Amino acid sequence: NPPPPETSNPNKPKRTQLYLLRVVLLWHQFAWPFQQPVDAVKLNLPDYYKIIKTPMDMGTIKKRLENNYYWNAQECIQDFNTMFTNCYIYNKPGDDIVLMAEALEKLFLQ
Ligand SMILES: COC[C@H](C)Nc1ccc(NS(=O)(=O)N(C)C)c(Nc2ccc3nn[nH]c3c2)n1
Numbered sequence: 044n045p046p047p048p049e050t051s052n053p054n055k056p057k058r060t062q063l065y066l067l068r069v070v071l074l075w077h078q079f080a081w082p083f084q085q086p087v088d089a090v091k092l093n094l095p096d097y098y099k100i101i102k103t104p105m106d107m108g109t110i111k112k113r114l115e116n117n118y119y120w121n122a123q124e125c126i127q128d129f130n131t132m133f134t135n136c137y138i139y140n141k142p143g144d145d146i147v148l149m150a151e152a153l154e155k156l157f158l159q
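Letter by letter, the sequence shown follows residues 44 to 58, 60, 62 to 63, 65 to 71, 74 to 75, 77 to 159 in the authors' numbering.
Here is the structure:
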């Protein structure tokens, strides 16, 4: 598996609306697949990280909000976007994992 995405970066500009923790974070019965980086070794998906070059997960997104990683909600929102999109790209419409994402994504467009 690659190193997980960074959640700490002292020389990054940080701050707010970052509401994205307190209401927007899903963390729900279909959350468990997304609470950590895809383990492509444990799932025996040797192609996952060959297809998915911007991996992202709510575990990373949680540690980021709590570490004051972000500058704006646009940044965090794009990460949520990336998480959902990744899942749709790697998979096929109407897969169990694709259903779980869509559920969360609907709660997320709320
Ligand atoms: C719906 O159940 C099917 C799913 C493919 N199984 C499964 C089992 C474990 C995880 N989580 S993990 O990679 O963190 N774990 C093995 C430690 C999981 N998550 C998962 C998360 C996103 C995915 N996108 N495509 N496939 C994905 C699978 N999915």
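From the three backbone atoms N, C-alpha and C, an ideal C-beta is built for every residue, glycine too.
Runs of the alpha helix (DSSP H) lying entirely within the region 85-137, each at least 4 residues long, are 97-100, 107-115 in chain order. Counted as a single uninterrupted DSSP element, the alpha helix (DSSP H) harbouring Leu153 occupies residues 145-157. For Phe83, the three-state secondary structure derived from DSSP is helix. When C-alpha distances from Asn117 are compared across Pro45, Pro53, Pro48, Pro46, the shortest belongs to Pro53.
With contacts defined as CB atoms closer than 7 angstroms, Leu153 and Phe79 qualify as a contacting pair. In this structure, the beta-carbon distance from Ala150 to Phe133 falls below 7 angstroms.
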